Amino acid sequence: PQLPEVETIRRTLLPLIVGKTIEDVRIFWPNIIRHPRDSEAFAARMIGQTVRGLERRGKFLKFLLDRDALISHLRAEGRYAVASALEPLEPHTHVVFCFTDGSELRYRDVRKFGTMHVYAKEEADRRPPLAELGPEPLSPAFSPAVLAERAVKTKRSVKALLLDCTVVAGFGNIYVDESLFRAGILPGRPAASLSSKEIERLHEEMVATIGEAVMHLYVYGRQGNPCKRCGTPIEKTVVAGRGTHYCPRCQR
DNA sequence: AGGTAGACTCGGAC
DNA sequence: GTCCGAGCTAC
Ligand SMILES: [Zn+2]
C-alpha cells in the first residue's frame, strides 16, 4: 500500500476494531515481530489490552491500545482484515489478534515482508521504526525551505533524497518518479544542483501528487510508451537503487 | 562525526 | 537462478 492507501486503511479499519479487547495473539511467522524480539513476549503483552485508536505516520500504522502502541508496516502486499474466529484463515496469514467478541484482526502478507513493533505508547515515537521519520508530505512541517536545506547538504541525487524516510515520510518510488516528472526535474540530478525555483516547484508537485491521491500515471511503469505531455518515449534506468522512470524532454 | 552505501528480509514473476 | 520494493551494519 502507498501512503494514500495506508491512510484509507487507517480510516476504514479503525471503526472495525476500536473498543475491542485482545484475548489472544497468534503468531505463525515470528520474524514479522521485531519488538519485543521474542514473539512470545509480543503476544503475551498485548493480551488484555483494548484497541483505542489508529493513527498513520508515513506508511506506518500505529495501533493505539491501553498501554502499548503496535507499529505496523505492510510494505507492498501486507493486508489487514477483520473477520470471525469461526471461519478458516486466508492463506499467508502470519499474525492474528483474537478479540473477546469472537472477531479477529488478521495480518496477511504473501511476501512475509512486513514488520510489527510494540512499545509502551509514550516510547513508540522515539524508537524504531518511527524514530527519525521525516515530516508528513502534506504537512506545513514539510516546506520548500526544509526540502532546500536537505538538498544543499547532500551529494546524493534528488531521487535519493526524496526516497529518504528522514527527509519526508512515506514518499514511495512511484510518487517520487511522478512528482519529479510533474516538476520537470530529472531524477538523477544532484539534489544540491536544484535552484530555489526548482525546489519550490518540486515541493508543489510532491504535495499535489500525493494530495490528489488522497482524494493515472505519467511515467511510472510506462517505459517505452509515449509521454502524455510531449509524446517522447518514457525511459527507465536505475537511480538510487530503484527502477526509475522519466521523460528526457519534459525533465531537465 | 556521521553521511553514505551496502546487506538483509521475502516470494511471485521473468 | 536473478529482480525488486521499504526501511541495521560498516566504509
Ligand atoms: Zn515529456
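For the numbers below, each heavy atom of this structure counts, side chains included, while hydrogens, waters and symmetry mates do not. Throughout, protein chains are lettered first and strands after them, A, B, ... in sequence-line order, and every chain is numbered starting at 1.
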Student check: side-chain heavy atoms of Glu23(A) and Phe99(A) closer than 4.5 Å: no
Could you give the distance separating [M] and [N] at their [atom1] atoms, to the nearest angstrom?
{"N": "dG11(B)", "M": "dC8(C)", "atom1": "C1'", "answer": "22 Å"}
{"N": "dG2(B)", "M": "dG7(C)", "atom1": "P", "answer": "24 Å"}
{"N": "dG5(C)", "M": "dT4(B)", "atom1": "P", "answer": "22 Å"}
{"N": "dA7(B)", "M": "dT2(C)", "atom1": "P", "answer": "15 Å"}

Nucleic acid contacts - residues 172-183 of chain A versus DNA chain C, non-hydrogen atoms under 4.0 Å: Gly172(A), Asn173(A)
Sorted by number, the residues of residues 111-126 of chain A with heavy-atom contact under 4.0 Å to DNA chain C: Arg111(A), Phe113(A)
Donor-acceptor contact present, side-chain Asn173(A) to main-chain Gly243(A), <3.5 Å: yes
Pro91(A) backbone acceptor or donor facing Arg108(A) side chain under 3.5 Å: yes
Partners meeting ring pair (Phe, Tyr, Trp, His ring centres under 6.0 Å) with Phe63(A) (sequence neighbours left out): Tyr80(A)
Side chain to side chain donor-acceptor pair (under 3.5 Å) contacts touching [range] (sequence neighbours left out):
{"range": "residues 127-142 of chain A", "result": "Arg56(A)-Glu136(A), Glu123(A)-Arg127(A)"}
{"range": "residues 176-185 of chain A", "result": "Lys159(A)-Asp177(A), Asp177(A)-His245(A), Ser179(A)-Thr209(A), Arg182(A)-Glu205(A), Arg182(A)-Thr209(A), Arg182(A)-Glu212(A)"}
{"range": "residues 41-51 of chain A", "result": "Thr21(A)-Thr50(A), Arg45(A)-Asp68(A), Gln49(A)-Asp68(A)"}

Test salt bridge (charged side-chain N to carboxylate O under 4.0 Å, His left out) applied to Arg222(A) - qualifying residues, sequence neighbours left out: none
May I have the list of side-chain donor-acceptor pairs in residues 35-43 of chain A shorter than 3.5 Å, sequence neighbours left out?
{"unit_1": "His35(A)", "atom_1": "ND1", "unit_2": "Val118(A)", "atom_2": "O", "d": "2.8"}
{"unit_1": "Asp38(A)", "atom_1": "OD1", "unit_2": "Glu40(A)", "atom_2": "N", "d": "2.8"}

Residues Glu235(A), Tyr246(A); criterion side chain to side chain donor-acceptor pair (under 3.5 Å); working and verdict: CA-CA 6 Å; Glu235(A) 301 182 353; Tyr246(A) 61 93; 3.2 Å; yes
Sugar-phosphate only, base, or nothing, as touched by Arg156(A) at under 4.0 Å among non-hydrogen atoms: sugar-phosphate
Nucleotides bounding contact with chain A, strand DNA chain C, heavy-atom threshold 4.0 Å: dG5(C) to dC8(C)
Qualifying residues under side-chain hydrogen bond (donor to acceptor under 3.5 Å, both in side chains), relative to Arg11(A), sequence neighbours excluded: none
Pairing residues for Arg189(A) by the side-chain hydrogen bond (donor to acceptor under 3.5 Å, both in side chains) criterion, not counting sequence neighbours: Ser193(A), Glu198(A)
Nucleotide range of DNA chain B lying under 4.0 Å from chain A heavy atoms: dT4(B) to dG12(B)
Whether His94(A) and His92(A) hold their rings parallel, tilted or perpendicular, with breakpoints at 30° and 60°: tilted
